[PDB]
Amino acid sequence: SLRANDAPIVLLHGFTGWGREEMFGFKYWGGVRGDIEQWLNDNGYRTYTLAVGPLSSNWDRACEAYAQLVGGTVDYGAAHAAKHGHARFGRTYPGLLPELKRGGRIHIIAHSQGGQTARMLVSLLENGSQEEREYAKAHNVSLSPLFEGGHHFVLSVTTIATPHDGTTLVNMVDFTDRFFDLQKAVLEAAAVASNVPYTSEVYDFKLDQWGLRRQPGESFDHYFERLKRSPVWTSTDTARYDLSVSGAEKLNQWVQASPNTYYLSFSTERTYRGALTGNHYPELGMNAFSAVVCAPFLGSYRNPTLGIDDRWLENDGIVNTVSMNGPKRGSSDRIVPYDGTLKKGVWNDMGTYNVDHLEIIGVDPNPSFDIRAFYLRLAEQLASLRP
């Protein structure tokens, strides 16, 4: 295809994820398979990576993403920060693309919960926040340009394995403990132990707004026990809340597709349907943590009152596949199957791949999945988009 835009690609992780220099250089985007950002740069697709709080709400992460792109000090909004009891200002960044203040566009490619954060960033850029604007006028405080509206610079959002209607994993009985055991399993993929008191930071959870940081001498085991009891686990201003079916529906009520952005979704599944009742079971080769800890639950949990039924049981080890083609619960967004022409302002469902939640970013091996081709094909499609 012909190139029709010059927008760089920006990569955005989910409820785990870390910058290029973290985790001893093991990349979230490529894991044991390599460095996806480097593959794209090397093939002429200019690509950058964002690293935002993995456990923070999509709102917090969107404010962090905005400052990382345009430069400046993260501003969560005076109204938001007062309502949830955390700092209004966060870190200060130079900016990856401070030109976006003047003009120019990006493509966001986001995995897992990054797809919620990317959708939310577009809604804030284009429409701002009326609550923040009214609060700033009422209290005579400053207002970040993010909350003004009028700053739409995202040509496309592509989501990969995103829980747009949530994941039923949040409902599992031991979910608090098992979710932090999933963080430990991702550390272990990077050869990072959870019982070692690392002096270097290794994996920064970016919880400056809550005042939390792993302390000198503290193992990840000990630190996650503190995080389980902290506001980033127990408040509604969290990844945990937005990950749930309840909280993803609430997000979908206000975060709509912009008519100025192409949305693409990729769905993932790594399960088979059983012969007894319709439940789903992990396939050979699914990442071991998901296969043992998460997929049996995801493939069997129903909630008839919420209509969480047999269609929700197929999963990729972490998220129910039905959740991933676009927001539907609480959403008026349109979802169309890809027909060869990518359309603005709707979700173009690019299909369902037999790859698990961690294999699709290369964190878990899968030699039958040609991960480099997958990301290069996608970059060629995004470069074809007509602004």
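Quick note: we count residues from 1 along the sequence shown, nothing fancier.
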| property | result |
| --- | --- |
| Stretch with the greater mean C-alpha B-factor as recorded in the entry, comparing 12-20 against 365-373 | 365-373 |
| Average Cα temperature factor in the PDB entry - higher stretch of 240-248, 136-144 | 136-144 |
| Out of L124, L264, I106, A193, residue topping the C-alpha B-factor column of the entry | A193 |
| Given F89, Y301, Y272, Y198, the residue at which the Cα B factor reaches its maximum | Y198 |
| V186 by Cα B-factor - lowest, middle or highest third of the modelled chain | highest |
| Modelled-residue ranking by C-alpha temperature factor, third containing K27 | middle |
| Where the record places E218 (Cα B-factor, split into thirds across the chain) | highest |
| Among modelled residues of the same chain, the CA temperature factor third for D75 | lowest |
| Modelled-residue ranking by C-alpha temperature factor, third containing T277 | highest |
